[PDB]
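[1] Here is my input, please return the structure:
(chains A, B, C, D, E, F, G and H)
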Amino acid sequence: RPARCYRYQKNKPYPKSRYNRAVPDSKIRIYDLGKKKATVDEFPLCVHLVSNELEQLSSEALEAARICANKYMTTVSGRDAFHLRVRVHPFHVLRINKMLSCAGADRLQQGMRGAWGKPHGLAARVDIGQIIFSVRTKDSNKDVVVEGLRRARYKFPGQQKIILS
Amino acid sequence: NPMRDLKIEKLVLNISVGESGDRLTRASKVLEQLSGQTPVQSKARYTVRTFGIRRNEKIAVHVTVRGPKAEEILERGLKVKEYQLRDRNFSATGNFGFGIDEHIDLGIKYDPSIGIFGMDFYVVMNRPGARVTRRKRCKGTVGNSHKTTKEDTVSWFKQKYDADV
Amino acid sequence: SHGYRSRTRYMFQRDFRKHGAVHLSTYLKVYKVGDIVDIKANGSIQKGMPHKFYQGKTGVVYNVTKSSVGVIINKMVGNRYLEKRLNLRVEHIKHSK
Amino acid sequence: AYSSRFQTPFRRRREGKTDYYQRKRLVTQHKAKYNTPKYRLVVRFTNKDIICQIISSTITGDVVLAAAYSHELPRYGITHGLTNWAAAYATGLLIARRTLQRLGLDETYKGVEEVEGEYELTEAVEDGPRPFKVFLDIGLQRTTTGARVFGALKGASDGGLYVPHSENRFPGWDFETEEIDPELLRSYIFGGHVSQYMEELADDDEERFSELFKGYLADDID
RNA sequence: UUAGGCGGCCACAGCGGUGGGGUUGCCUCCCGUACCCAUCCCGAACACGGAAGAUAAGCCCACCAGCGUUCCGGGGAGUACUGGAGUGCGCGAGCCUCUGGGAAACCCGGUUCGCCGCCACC
RNA sequence: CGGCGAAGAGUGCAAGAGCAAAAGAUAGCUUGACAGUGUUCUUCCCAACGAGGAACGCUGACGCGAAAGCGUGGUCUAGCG
RNA sequence: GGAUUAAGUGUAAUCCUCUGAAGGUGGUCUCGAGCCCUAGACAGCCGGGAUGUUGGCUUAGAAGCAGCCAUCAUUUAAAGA
RNA sequence: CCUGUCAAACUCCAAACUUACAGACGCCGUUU
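    Residues are numbered from 1 along each chain as shown, chains lettered A, B, ... in the order given. Find the structure here:
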């Protein structure tokens, strides 16, 4: 924190586990919520979660913003309705100033060449319109799930659109 | 008709694994004066904890057959130990020779087997033209029609010399 | 490291369908005197190969030395001389549009 | 087909006919009556039948000037099994003295011969009988020792055509002997293998085939 | 070639599947090891010798689209993206207009179960 | 012993690339890992610069093959003064 | 010619340079969407908010309105356990 | 079998575009 020089893509690939080790584990609980198995897809009421932005939310971003989300999805009696889906994973690894590579801004260090930033965190990135994490059930209430994501958004760097079913 | 009938192609006895004729070249002696020929084979799989870690292995294995040598052998062969001569014992293909198998990785291989029926006997049964499949050329495949059936297989041998049990 | 097989990656490589040996016909075909021939390296070749830089440009074949044909880009290198060194086999393709 | 992600190699391939990576082998040595896209003194084997061909390739073609295939023999000669070596010495020998010098044999054509002083006249060829040639490719097959494939080569060698090959990778004789060992030159057929199966209990006659060969080397019809 | 050999392009040719064909003309399967030759052991294969018997395999011929592939119609889509220009808009990120190009996924319907060259051949 | 089994078991060594009647395996034979002298490319894109390297010849002498032919070291790019 | 804005927003192409991201306004203009209306809407506006009975259970309480079960009947112009 | 995602050191695909050569138009050159 804060996430600033973290989620703007001004770099290019990898993740690559070959290349990198010492990746921190994600603190993003399972990306399968609600009752799985049965096809939730048969449902009235629909979806949400549209990013409306560019990218790279960190696992710190998604994992408390998503279960936060689920927490107020609990209202629908624990195990009784909806499945929650998350889309993208936090693959993508980021490195931060370890003074040896270059100079100035991050992904630059001291000297020239040298320490790339040391591994510290991972974040998935997204596009202008992608569905961050969706799923629904019949209109349980007015739309508790719609209330969900109200809270879900408001912990994402992006401005997420609710998007109607 | 006669074509359809089942006869035994190559059987071949075998011996257990480990070195053979340890004290002196022996164990080949058995298999000798039995079956008429004298095979020997070798093995792969270097580190054996209580086996060798020899690569090219002296490992005993042997025998084969023909027509009529394994008849007059496989005569006074079967009618040896068979608590249950047949049943579940052999399987779809026709004949087998086994005992109790162990959980081992099987199936994705040419399928030679450890299985020991007698000093692991290998009656293999095939009807037909079958020399088709084996022979190098347009190999062809067995029909999966004119294929042996365990029921048919637990026939023929049984009709002669010994009960199925 | 540095060497003939320098950064090539795709240019040299021939993939899936055309893998293995190639037909003899290409490397047997003869060209005579000034004939414009393109240069490339068909992969699946291991001889009569030019460098890597300069591959793709046409040159004019000239006389043959040993089993290989003087050709190569007789043509200019960059905006420059037709300084030419040619040691290419028929294996690399000939012809003109 | 498939997803077509793969490309399939076939031509002659797919179902087998020619090989490749062989039959390319043959070809380089330009042989045939004349320059050939692919040339051979093919030897094929069939159950109960042996065939000898011979001819340079065409773009579409793979023609054959003269053929053998014991089957036709006996045109003259005799009724016996054709699935043995003897009778696969005869042919490949009968083809020789057909392909081998009749329609034309090794590179002999009207007009000036290929560059090199070379003149061919009847009777023993001047400047060496060496120029006569064909390469014999067993098709898909297995090279063995004395094998009929080779045997096909043996006659259809002393038939005038001169093909490279390796001696000692032949049957010797006996299986297919020469009448007299001191003189290599002779038309010779033997079928010793089968013969002496029995001693001479009855049946097989090796003696008959020497008879055939006698006829072969001589002025015969086609 | 009412069945062959050598190829070119190298899945439009792949995978799977149905039907038909010969018996002495072909290809095989097939039959058999005296020989040339052969199996770290097996004439299995390779090699040789040969036709008692078959079309059942292969092969050749006709055909099927379920999968894979190729191309095409229509839709997606003149969308996504983009070369050139703009005292057009927007706090900005970015967007828009004019001009010249122009996709992929996927869906529905067709196409494709090879095409071609030389040679030999009832 | 039999059956299934296009390749998940190779090619000295990084990585990438090449290869199936082979460049891989096995067997046998053999010393071309030869002497001499070139052409060309590379080193050094374009664009001059050495050692080194490579491709491709010829002259001479050999090896193996029926023969075409292959062999100017080890499939190619590091292993040099 | 037309429309928006009431904040001096703004009168700032680009940028170290011109900030502003995930305070308020029934001032006014313009555009869209849902539902309700001449079987008369809003005000829509004005006025009123029945008996068994505090239904049974539960509970410290549970009286239309924590929760579970039931949701009848009466008197009605009408009024849900 | 259905279902949820990715790649600077992945690729069944695949641009715009850069590039060798040639012809054409243009432009240029033979008192510059």
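[2] can you give me phi and psi for residue D:51?
    Residue D:51 adopts backbone torsions of phi -130, psi 140, taken as degrees, to the nearest 10.
[3] distance of it from residue C:64?
    To residue C:64, residue D:51 is 41 Å away according to CB to CB, to the nearest Å. From N, CA and C alone the C-beta is placed, and that goes for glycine too.
[4] And the two? Which one has more around it.
    residue D:51 (19 against 15; other CB atoms under 10 Å in any protein chain shown).
[5] for the residue most central in space within chain B, phi and psi?
    Nearest to the mean C-alpha position of chain B, by CA atoms, centre = their mean, lies residue B:122 at 1.5 Å. Residue B:122 adopts backbone torsions of phi -130, psi 80, taken as degrees, to the nearest 10.
[6] can you give me the helices in chain D?
    Using DSSP state H, the helices of chain D run over D:25-28, D:148-154, D:207-216.
[7] Highest mean neighbour count across those, which stretch is it?
    Burial of the helices of chain D is given as mean neighbour count (mean count of other CB atoms under 10 Å in any protein chain shown); helix D:148-154 ranks first at a mean of 27.
[8] That helix near RNA strand F at all?
    No: figure legend: helix D:148-154 not in contact with RNA strand F (CB under 7 Å from any atom of the strand); closest approach 9.1 Å.
[9] contacting residues around residue 81?
    This is for chain A. Counting by CB atoms under 8 Å, 6 or more residues apart in numbering or on different chains, residue A:81 touches A:34-35, A:137-138, A:140.
[10] quick check, nearest of the residues you listed to residue B:139?
    Among these, residue A:35 lies closest to residue B:139 (CB to CB), at 51.5 Å.
[11] For the closest one, which residues are in contact?
    Counted by CB under 8 Å, 6+ apart, residue A:35 has contacts A:79-83.
[12] again, only this time at 10 Å
    A:79-84, A:137 (CB atoms under 10 Å, 6 or more residues apart in numbering or on different chains).
[13] What distance do you get for it to residue A:81?
    For residue A:35 relative to residue A:81 (CB to CB), the value is 8 Å.
[14] Which residue would be the closest one in chain A to RNA strand F?
    residue A:18 (9.9 Å; CB to the nearest atom of the strand).
[15] repeat for chain D
    Closest point on chain D to RNA strand F, by CB to the nearest atom of the strand, is residue D:19, at 0.6 Å.
[16] For residue 44, list the residues it contacts.
    Reading this off chain A. A:136-140, A:165.
[17] try chain B instead
    Contacts of residue B:44 (CB under 10 Å, 6+ apart): B:55-57, B:59.
[18] ok, of those, which come out buried?
    B:57, B:59 (16 or more other CB atoms under 10 Å in any protein chain shown).
[19] Help me confirm that the residue of chain D closest to RNA strand F comes into contact with residue D:140.
    Yes: at 5.6 Å, residue D:19 counts as touching residue D:140 under the criterion of CB atoms under 10 Å.
[20] Which of the two has more residues huddled nearby?
    Using other CB under 10 Å as the criterion, residue D:19 and residue D:140 rank with residue D:19 on top: 16 against 13.
[21] Would you check how far apart the residue of chain B found nearest chain D and RNA strand G are?
    Ranked by CB to the nearest CB, the top residue of chain B for proximity to chain D is residue B:138, at 8.2 Å. Residue B:138 sits 70 Å away from RNA strand G, going by CB to the nearest atom of the strand, to the nearest Å.
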